[PDB]
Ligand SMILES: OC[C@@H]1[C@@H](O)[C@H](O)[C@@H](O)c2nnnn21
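Coming up is one lone chain in structure tokens, specifically the form deposited without nojirimycine tetrazole.
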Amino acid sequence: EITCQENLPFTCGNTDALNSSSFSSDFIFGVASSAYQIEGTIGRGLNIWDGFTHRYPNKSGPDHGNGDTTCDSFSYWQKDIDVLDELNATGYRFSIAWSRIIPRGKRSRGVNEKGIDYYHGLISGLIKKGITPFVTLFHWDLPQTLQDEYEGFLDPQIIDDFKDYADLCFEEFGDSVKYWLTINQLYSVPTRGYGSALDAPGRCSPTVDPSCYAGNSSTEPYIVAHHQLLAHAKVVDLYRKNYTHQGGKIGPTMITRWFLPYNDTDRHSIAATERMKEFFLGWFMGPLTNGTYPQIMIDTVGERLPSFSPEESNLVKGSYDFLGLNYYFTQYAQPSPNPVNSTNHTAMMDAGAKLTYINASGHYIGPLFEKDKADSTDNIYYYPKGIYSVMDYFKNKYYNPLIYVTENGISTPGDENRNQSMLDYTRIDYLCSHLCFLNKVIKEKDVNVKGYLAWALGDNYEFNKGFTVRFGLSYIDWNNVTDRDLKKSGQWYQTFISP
């Protein structure tokens, strides 16, 4: 019988008690990255994260940081491989920058051979060290040209441009890459990119944020989400019809959270909690498992919710071999009004829920996850049991899928000096406590989880935060980015992997 801790102090950093041998022999352990966050702009065209961070520097991070140079994995990809080799990792998730291989967006405009060569060399280097690549086609970095031609995922033109990009990736890299992710965190671009305008491309209703160049936060999230699902599904169909000889697997990436009632004896909070599951997870998992959006979304969102045709429904339903599930934290849910006629209405209001990290009796859900220095009542707290609850829910609700945990990690402040930054015991605690619950759910609930990739390989540009936080298991000096030095967490993870 497995017992796992939910509160500080944690004792799962002892590899005598928790290590890779606790999991099945074939289980993959590694780390993750994304292209905007690590590569730099050298050698690629411009994408909407370049555009957004440059047009709206205060939205890029408090330091106005961006991905222009970052950790320079364009130059230092071998050093990334070296970290993975030091870890004895068996997996690495990275993304392909669309703008590096097709700078002009549309494949018929030509490819960048040198960009293709960059990923060939990375892939070959990984495989030579026994590391399985997990490759994200689209980690938010849409070529700027496509956003300017037709507003990107706002328009159905995205589907064929994404398909042709993906086809090039399968053609060039699929002989070696056997695990593909289509779109990173399906929920995020619709809501943050087109709802709150916290993320690229930065569209919203005028009264939500007067700096947005255009948008409608009530309608566009739904349009974009719908196009994401269709573009994803078209790529999965292309993969499974035209690249079956490659013997690989493909799936989407979800951001997952668990949700608990703010007041577990209040029917209204219980209802809000179940609505959140539907609106947060079901928005995408309903289509992916059934070809339809959840009924509560149909009912609430009404004419703002697009319909799938019968052909589209069939294309989207079942459009995965596995799910990449990202998991960071859990929220309490309580009811909230949905003012659909307000000029500041957002899609996110349609769930009719307010989310907190403290429940009605004043209980904080778990240890600190992210401090918010401008408003401490907005601090985020984590909840290790949430990974158990999410995986159990996916198994039970969503037809026992094959799952890889494609991100899980925690930040430390960029204000810490290097010695403090390397002494990242809070990261060991977060990672181990989640791994304990992941082992527990696999054993107790028989969830088909076959790997775990911690966020992040190394310090990088963090969307929305610049270089003001660090997520890496290895440390990068922003004054001299060449080295990636394993932190205490990376050293712990090395021991966990090879105990």
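Just count from 1 along the sequence shown to find any residue number.
Same protein, other form: the form deposited with nojirimycine tetrazole bound, not shown, and the subject of what follows.
- From the list 387 to 395, 415 to 423, 183 to 191, 127 to 135, the contact stretch for nojirimycine tetrazole in the deposited bound form under a 4.5 Å heavy atom rule is 183 to 191.
- Interface residue among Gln334, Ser95, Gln228, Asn326, judged by heavy atoms within 4.5 Å of nojirimycine tetrazole in the deposited bound form: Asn326.
- Distance criterion of 4.5 Å from any heavy atom to nojirimycine tetrazole in the deposited bound form singles out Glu407 from the list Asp80, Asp429, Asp161, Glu407.
- At a distance threshold of 4.5 angstroms between non-hydrogen atoms, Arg203 is out of contact with nojirimycine tetrazole in the deposited bound form.
- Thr70 falls outside the set of residues with a heavy atom inside 4.5 Å of nojirimycine tetrazole in the deposited bound form.
- Using a 4.5 angstroms threshold between heavy atoms, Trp140 counts as touching nojirimycine tetrazole in the deposited bound form.
- Contact check for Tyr452: no non-hydrogen atom falls within 4.5 Å of nojirimycine tetrazole in the deposited bound form.
- For the partner-free chain shown, just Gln37 of 23 to 42 comes within 4.5 angstroms of nojirimycine tetrazole in the deposited bound form, judged by any non-hydrogen atom.
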